[PDB]
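J.: Dropping the structure in here first, questions after.
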Ligand SMILES: *[C@@H]1O[C@H](CO[C@@H]2O[C@@H](C)[C@@H](O)[C@@H](O)[C@@H]2O)[C@@H](O[C@@H]2O[C@H](CO)[C@@H](O)[C@H](O)[C@H]2NC(C)=O)[C@H](O)[C@H]1NC(C)=O
Ligand SMILES: *[C@@H]1O[C@H](CO)[C@@H](O[C@@H]2O[C@H](CO)[C@@H](O)[C@H](O)[C@H]2NC(C)=O)[C@H](O)[C@H]1NC(C)=O
Ligand SMILES: *[C@@H]1O[C@H](CO)[C@@H](O[C@@H]2O[C@H](CO)[C@@H](O)[C@H](O)[C@H]2NC(C)=O)[C@H](O)[C@H]1NC(C)=O
Ligand SMILES: *[C@@H]1O[C@H](CO)[C@@H](O[C@@H]2O[C@H](CO)[C@@H](O)[C@H](O)[C@H]2NC(C)=O)[C@H](O)[C@H]1NC(C)=O
Ligand SMILES: *[C@@H]1O[C@H](CO)[C@@H](O[C@@H]2O[C@H](CO)[C@@H](O)[C@H](O)[C@H]2NC(C)=O)[C@H](O)[C@H]1NC(C)=O
Ligand SMILES: *[C@@H]1O[C@H](CO)[C@@H](O[C@@H]2O[C@H](CO)[C@@H](O)[C@H](O)[C@H]2NC(C)=O)[C@H](O)[C@H]1NC(C)=O
Ligand SMILES: *[C@@H]1O[C@H](CO)[C@@H](O[C@@H]2O[C@H](CO)[C@@H](O)[C@H](O)[C@H]2NC(C)=O)[C@H](O)[C@H]1NC(C)=O
Ligand SMILES: *[C@@H]1O[C@H](CO)[C@@H](O)[C@H](O)[C@H]1NC(C)=O
Ligand SMILES: *[C@@H]1O[C@H](CO)[C@@H](O)[C@H](O)[C@H]1NC(C)=O
Ligand SMILES: *[C@@H]1O[C@H](CO)[C@@H](O)[C@H](O)[C@H]1NC(C)=O
Ligand SMILES: *[C@@H]1O[C@H](CO)[C@@H](O)[C@H](O)[C@H]1NC(C)=O
Ligand SMILES: *[C@@H]1O[C@H](CO)[C@@H](O)[C@H](O)[C@H]1NC(C)=O
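Residue numbers (the entry's author numbering), protein chains in the order written: chain E, 1030 to 1148; chain P, 736 to 827, 848 to 1078; chain Z, 736 to 784; chain S, 295 to 622, 631 to 676, 689 to 735.
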């Protein structure tokens, strides 16, 4: 039910790794499940921050995590390194910068501002 | 159980009569061996899930969260945590009479030092890498950031973690202190492990007590029969003892098989909670404690595992009009 | 099960022979008691959540 | 050990593993005997060979005490025409001891000797002499027509013909009270349905064997936790203590190591018992010191093997045994010092204790595993739990996977078993 007819969020229930799908095979007096899982690989170290401070506002990722290669800051999804420019679209605001332990200063790109400025 | 030594002691007269029952002693020894091999498998499937022995960093900058009561304490060679000491000094009969009557206890394959080293690795992987060491290699993440992922996982926006991080850390540290106080002082929670130990000690004690039974023979003492009667007369009395002692040992083995099935169901559940609560964050409502599950910490106990389930419990609700 | 009442009824002659089997009746009564205490626990864990 | 493995498996091939093949037991170095130091021979001739025996209603009893009895003289005498023992075997009787022996002696008819047995009923069994149903002893009887008859009949022998109740075991009733067979009382005198309760045996020498006199002795043996005072003729050995031995203390057969006891026996106590009824300590009947009885050491004999296709080399674990105990199972060729390792699982023989750790191949216990490895031989090691690793945690560093691997893992589950009737 949960691995063949479904996709399981249950960590080891359908094989080691993040469960994609499973295939049933019959066996003598038994069943064999071939569990397809995504296993993450080739990880790299990044500097990270919980929030970006911009214009005195604190920005957090809507999904994913802030990362730096050393000189620039990006937001990326947690399970695959795919850096994106930090924008007012992939982040949400809450409060000012003073409360978050380890907040870092970076610009946050607003995409509407240049669409005005280029009109 | 040395089934011949239980039923017959050192008497060859009895041993030769016990051969006439055929394979029953081999069946009994083989059932108890299968139970014993299962107990190693049960412990392996609960604790030896962690593929590398992860060590915690020497400096514990976990954002104000204080795991010192649950991380390994170097001051003892068993290398238990403090709460593991509370458990091992709190759950933990007739061993000499048992040993001399053919009954013996085999050691577990994993020592308590090895099980403490597996719980150590599970704790280290949990606090340094979140769920990622479950799915693959341990990916480091700052603890406050993975706690903010746990908050997103229970559907609370991560800024609620960061804006309250000092409060949340103080609440966690206080609740781990309450774990210490309760496990120092309770007489209730450990009943599941005590019951298992008591049941097995009671079963061995009862099996030894059954050697005092006559079963209708002229003595329960088989050396009385053989000092007092010769083969033709003695064999009738030895056969009475064989019948009742073999029925006693078969009763013991049958109830150990049933208890082993229950302990395996419990080890299957413990292994599932290790995977889904320690190596993961569970959406399953009560599976990892009452409240929305944040994370769990494994601790070893005598013949058992203790999960410390960290949960978000909502508080101080206000009434609103809604649409 | 009253193991003596089942095996022997009210006969003391039988009861005195049944003592020679030792603890078997205490084992039986204790196993059935553990089953009965488990049935209360099973109902508690399902409904008294 | 590989042969004991092949036999216990009943297979010529053996798979890789660890197998119970045997239980080891230390064998006795010698056999002790300890009876009390009594030289007085028992007066059996006085009871068996008297000129005149008692009447069975008033059956005689004599204590036999503080003496040595060679019962085999009695049993192998051709004179006794029946010699029936109960709760004891007459061959074994020459090596037992008893707190006392009661000899009961009387005369009856030849027909009635069948009644002198436990659980019997009849005129003699009910009104004259009752053995308990759980009697231990021997009943000895012989035709005495050449002694207890006379021409015109021997009226000197009487039996109780009537009683208001049958006897309790070893009850005696010499009472001369005239007995009421009638519905009315007898008023203390004879009459219609009112009889003297004793009748004499007709013992004319002419009578057939069923009515000839038989002399009877009942040797009643009180087996008690009290000290022995009657013993068979077997001679005491000297004592030996810490060596494993068979022993016989006053008829307590057993085996063990007779350690000098610390246990504080009160002066009346003769034996100590385990939680099972096995004997845990004994007082020596000559020195009256206290000895512990513990069994000579024993344990499971696990044989550790690769597959017989891989090698016929095997290591042996003496489970829970100490290496200071393993003897140089059926075979004698092990306990060679070239390969000995005291695990907490027990003494391990025939495996090299290496310093490395590896994954567990064959489990041995208490953290020990064994494997067949290079020049290949059995090695024993502490099992490795996994590669030890540092996560490189920092309060501001994250590792993010830049790639992935798709993994397929097989999980096999039993679903059914064979349906049988
Ligand atoms: C993550 O980095 C650590 C060490 O950090 C180093 O400095 C950072 C500022 C950045 O430049 C990192 O890329 C650097 O590596 C690595 O930990 C070390 O790993 C090696 C084995 O590869 C080990 O011998 C060292 O002792 C480790 N040092 C510490 C302090 O743990 C770690 O391997 C990096 N992670 C990955 C996936 O490469
Ligand atoms: C971090 O990433 C940025 C990516 O934006 C790198 O900077 C860019 O480099 C390219 C050339 O490869 C330039 O054409 C761009 O103009 C740069 N970006 C910007 C916004 O100016 C930067 O080199 C990386 N730093 C490190 C240390 O790897
Ligand atoms: C991030 O930016 C803020 C300004 O927006 C920095 O705050 C200033 O810090 C200096 C000292 O370094 C103070 O004298 C100023 O008064 C601060 N400004 C305000 C508005 O409070 C802050 O230091 C920056 N953070 C880092 C790590 O560089
Ligand atoms: C983390 O919590 C533990 C709670 O036990 C603190 O440990 C105590 O620390 C003081 C010194 O600061 C010692 O005198 C006590 O004996 C410790 N108690 C125990 C049981 O070991 C620890 O200090 C806390 N650390 C932080 C940073 O909060
Ligand atoms: C949320 O609950 C916590 C308690 O769990 C509150 O914190 C306490 O506040 C009082 C003062 O009101 C302090 O004396 C306590 O020391 C605080 N406890 C802790 C653990 O910090 C907190 O104020 C509540 N917040 C709101 C907004 O109601
Ligand atoms: C002890 O004394 C009493 C009374 O003298 C005996 O009682 C006799 O008991 C039997 C039944 O057990 C009756 O049939 C007799 O009639 C009783 N006798 C009298 C005179 O009442 C008792 O048997 C004696 N016990 C022993 C061992 O001698
Ligand atoms: C195996 O036997 C030896 C003795 O033959 C044990 O070692 C002795 O242990 C006592 C404590 O009980 C010490 O007082 C002695 O000094 C020890 N002697 C030696 C030579 O070490 C040993 O503990 C036993 N081991 C097992 C596993 O049974
Ligand atoms: C990490 O530690 C430094 C000091 O070493 C501190 O300034 C910073 O705020 C910390 N960052 C986080 C995210 O806790
Ligand atoms: C009885 O006495 C005779 C002598 O008259 C003797 O020969 C015989 O051996 C004696 N029997 C026993 C049992 O002592
Ligand atoms: C019996 O023998 C022991 C020595 O074994 C001796 O000490 C004891 O005094 C003897 N008993 C008697 C009554 O002579
Ligand atoms: C048996 O041993 C042979 C070598 O003697 C080897 O080639 C073969 O693979 C082995 N097979 C098994 C099933 O162990
Ligand atoms: C094996 O280890 C012990 C220490 O644990 C050491 O004394 C011994 O010499 C080692 N043997 C070899 C051959 O390295």
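Every residue gets a Cβ at the ideal spot worked out from N, C-alpha and C, and that includes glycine.
Return the first residue and the last residue of the beta strand (DSSP E) that residue 779/Z is part of.
T.: Position 44 of the third chain, counting from 1, holds the residue named residue 779/Z. Premise fails: residue 779/Z lies in the alpha helix (DSSP H), 759-782, not in any beta strand (DSSP E).
J.: Report back the beta-carbon spacing between residue 549/S and residue 322/S to the nearest angstrom; my notes put them in contact at under 8 angstroms.
T.: Locating residue 549/S in the fourth chain gives position 255, counting from the first residue. Locating residue 322/S in the fourth chain gives position 28, counting from the first residue. Yes, residue 549/S and residue 322/S are in contact; Cβ-Cβ is about 6 angstroms, under 8 angstroms.
J.: Can you tell me which of 307/S, 447/S, 716/S, 613/S puts its alpha carbon nearest to the alpha carbon of residue 1111/E?
T.: In the first chain, the residue the question calls residue 1111/E occupies position 82. Comparing Cα-Cα distances from residue 1111/E to each of 307/S, 447/S, 716/S, 613/S, the minimum goes to 716/S.
J.: Mind pulling the chain P residues with CB within less than 9 angstroms of residue 615/S?
T.: Reading the fourth chain from its first residue, position 321 is the one you call residue 615/S. Per Cβ cutoff of 9 angstroms: no residues; residue 615/S is ~11 angstroms from chain P at best.
J.: Considering only the alpha carbon of each residue, which of 1090/E, 1138/E, 1070/E, 1071/E lies closest to residue 1106/E?
T.: Within the first chain, residue 1106/E is the residue found at index 77, counting from 1. Nearest C-alpha to residue 1106/E: 1090/E.
J.: Taking a Cβ distance cut-off of 8 angstroms, strictly less, list which residues of the stretch 960-992 of chain P are near chain Z, in chain order.
T.: If the cut-off is 8 angstroms between Cβ atoms, the stretch 960-992 of chain P has 961, 964, 965, 967, 968, 969, 970, 971 near chain Z.
J.: In angstroms with no decimal places, state the Cα-to-Cα distance between residue 911/P and residue 773/Z.
T.: The residue you call residue 911/P lines up with position 156 of the second chain. The residue you call residue 773/Z lines up with position 38 of the third chain. Their backbone Cα atoms lie some 39 angstroms apart in a straight line.
J.: Round the Cβ separation of residue 755/Z and residue 970/P to the nearest angstrom and send it over; I've been treating them as touching at under 8 angstroms.
T.: On the third chain, residue 755/Z is found 20 positions in, with the first residue counted as 1. On the second chain, residue 970/P is found 215 positions in, with the first residue counted as 1. Indeed, because the Cβ distance is near 6 angstroms, the residues count as touching under 8 angstroms.
J.: May I have all residues whose beta carbon comes closer than 5 angstroms to any heavy atom of ligand 2, sorted in chain order?
T.: Listed along the chain, these residues meet the criterion: 1098/E, 1099/E, 1100/E, 1101/E.
J.: Is it buried or exposed, residue 1101/E, if we count other Cβ atoms within 10 angstroms and call 16 or more buried?
T.: On the first chain, position 72 is the one that residue 1101/E refers to. Exposed, because fewer than 16 other Cβ atoms sit within 10 Å of the Cβ of residue 1101/E.
J.: Tell me which residues share the same chain as residue 430/S and place their Cβ nearer than 7 angstroms to its Cβ, disregarding the 5 neighbours each side in the sequence.
T.: Taking the fourth chain and counting its residues from 1, one reaches residue 430/S at position 136. Within the same chain, residue 430/S has close Cβ partners 380, 381, 382, 515, 517.
J.: Just the chain Z side, please: which residues come within less than 9 angstroms of residue 1006/P by C-beta, in chain order?
T.: Here the question's residue 1006/P lines up with position 251 in the second chain. Within 9 angstroms Cβ-Cβ: 759, 762.
J.: Would you tell me roughly how many angstroms separate the C-alpha atoms of residue 890/P and residue 735/S, rounded to the nearest one?
T.: What you label residue 890/P is simply residue 135 of the second chain in a count that begins at 1. What you label residue 735/S is simply residue 421 of the fourth chain in a count that begins at 1. Near 46 angstroms, if we compare the C-alpha coordinates of residue 735/S and residue 890/P.
J.: Can you tell which of 956/P, 824/P, 923/P has its C-alpha closest to the C-alpha of residue 1066/P?
T.: Reading the second chain from its first residue, position 311 is the one you call residue 1066/P. With distances taken between Cα atoms, residue 1066/P lies closest to 923/P.
J.: Using 8 angstroms as the cut-off, can you tell me whether the stretch 391-404 of chain S makes contact with the stretch 479-487 of chain S, which would need three or more C-beta pairs spanning the two stretches below that distance?
T.: Not touching, per the Cβ criterion.
J.: Can you check which of these residues, 638/S, 570/S, 670/S, 694/S, is closest to residue 656/S by C-alpha distance?
T.: The count along the fourth chain starts at 1 and reaches residue 656/S at position 354. For the residues 638/S, 570/S, 670/S, 694/S, the minimum Cα distance to residue 656/S belongs to 694/S.
J.: Helix, strand or coil: which one does DSSP assign to residue 861/P?
T.: Taking the first residue of the second chain as 1, we reach residue 861/P at position 106. Reduced to three states, the DSSP call for residue 861/P is coil.
J.: Using a Cβ-Cβ cut-off of 8 angstroms (strictly less than) and excluding sequence neighbours within five positions of residue 732/S, which residues of its own chain qualify?
T.: The sequence position of residue 732/S within the fourth chain is 418, counting from 1. So no residue of the chain qualifies.
J.: So with Cβ pairs under 9 angstroms, would you call residue 784/Z a contact of chain P?
T.: Looking up residue 784/Z in the third chain gives position 49. Yes, because at least one Cβ of chain P sits closer than 9 angstroms to the Cβ of residue 784/Z.
J.: Below 8 angstroms between beta carbons is the criterion; list the residues of the stretch 1055-1073 of chain E that meet it against any residue of chain S, in chain order.
T.: Listed by position, the residues of the stretch 1055-1073 of chain E near chain S (Cβ gap below 8 angstroms) are 1056, 1058, 1059, 1060, 1061, 1062, 1063, 1064, 1065, 1066, 1067, 1068, 1069, 1070, 1071, 1072, 1073.
J.: Would you call the stretch 983-999 of chain P in contact with the stretch 770-785 of chain P, where contact means no fewer than 3 C-beta pairs closer than 8 angstroms?
T.: Segments in contact, no.
J.: Kindly say whether residue 767/Z, judged by its beta-carbon, lies nearer than 9 angstroms to any beta-carbon of chain P.
T.: As a working note, residue 767/Z is residue 32 in the third chain. Not an interface residue.
J.: Return the chain-ordered list of same chain residues with a C-beta closer than 6 angstroms to the C-beta of residue 456/S, the five sequence neighbours on each side being excluded.
T.: The count along the fourth chain starts at 1 and reaches residue 456/S at position 162. Cβ within range, chain order: 473, 491.
J.: Is it the case that the Cβ atoms of residue 966/P and residue 571/S are separated by a distance below 9 angstroms?
T.: One-based indexing of the second chain puts residue 966/P at position 211. One-based indexing of the fourth chain puts residue 571/S at position 277. Cβ distance < 9 angstroms, so residue 966/P and residue 571/S count as in contact.
J.: Which residue's Cα is closest to the Cα of residue 319/S: 372/S, 578/S, 614/S, 302/S?
T.: In the fourth chain, counting from the first residue as 1, residue 319/S sits at position 25. When only C-alpha atoms are compared, the closest one is 614/S.
J.: Starting from the beta carbon of residue 1047/E, find every residue of chain P whose beta carbon is closer than 8 angstroms, and list them in chain order.
T.: As a first step, residue 1047/E must be located in the first chain, where it is residue number 18. Neighbours of residue 1047/E on chain P, chain order: 890.
J.: Who are the neighbours of residue 856/P on chain S, taking C-beta pairs under 8 angstroms?
T.: Position 101 of the second chain, counting from 1, holds the residue named residue 856/P. Neighbours of residue 856/P on chain S, chain order: 568, 570, 572.
J.: Report, in whole angstroms, the separation of the C-beta atoms of residue 442/S and residue 453/S, which I expect to be a contact under 8 angstroms.
T.: Your numbering for residue 442/S matches position 148 in the fourth chain. Your numbering for residue 453/S matches position 159 in the fourth chain. At roughly 13 angstroms, the Cβ-Cβ gap does not stay under 8 angstroms, so residue 442/S and residue 453/S are not in contact.
J.: Taking only beta-carbon positions, decide if residue 741/Z is within less than 9 angstroms of chain P.
T.: One-based indexing of the third chain puts residue 741/Z at position 6. False, the Cβ-Cβ gap to chain P never drops below 9 angstroms.
J.: Cβ closer than 8 angstroms: which chain S residues qualify as neighbours of residue 1094/E?
T.: Here residue 1094/E is taken as the residue at index 65 of the first chain, counted from 1. Going along chain S in sequence order, the residues near residue 1094/E (Cβ under 8 angstroms) are 712, 714.
J.: Starting from the beta carbon of residue 903/P, find every residue of chain E whose beta carbon is closer than 8 angstroms, and list them in chain order.
T.: Locating residue 903/P in the second chain gives position 148, where the first residue counts as 1. Simply 1079.
J.: In chain order, what residues of the same chain lie with their CB nearer than 8 angstroms to the CB of residue 360/S, ignoring the 5 residues before and after it?
T.: Locating residue 360/S in the fourth chain gives position 66, counting from the first residue. Within the same chain, residue 360/S has close Cβ partners 332, 334, 523, 524.
J.: Mind pulling the chain Z residues with CB within less than 7 angstroms of residue 999/P?
T.: For the purposes of this step, residue 999/P is taken as residue 244 along the second chain, with counting starting at 1. The answer, in chain order, is 756.
J.: Does DSSP put residue 927/P in a helix, a strand or coil?
T.: Numbered from its first residue, the second chain carries residue 927/P at position 172. Correct three-state label for residue 927/P: helix.
J.: As a quick exercise: from 918/P, 901/P, 1055/P, pick the residue whose alpha carbon is nearest that of residue 815/P.
T.: Looking up residue 815/P in the second chain gives position 80. Taking only the C-alpha atoms, the option nearest residue 815/P is 1055/P.
J.: Taking 8 angstroms as the cut-off, is the beta-carbon of residue 536/S closer than that to any non-hydrogen atom of ligand 9?
T.: Here residue 536/S refers to the residue found at position 242 when the fourth chain is read from its first residue. The answer is no for residue 536/S.
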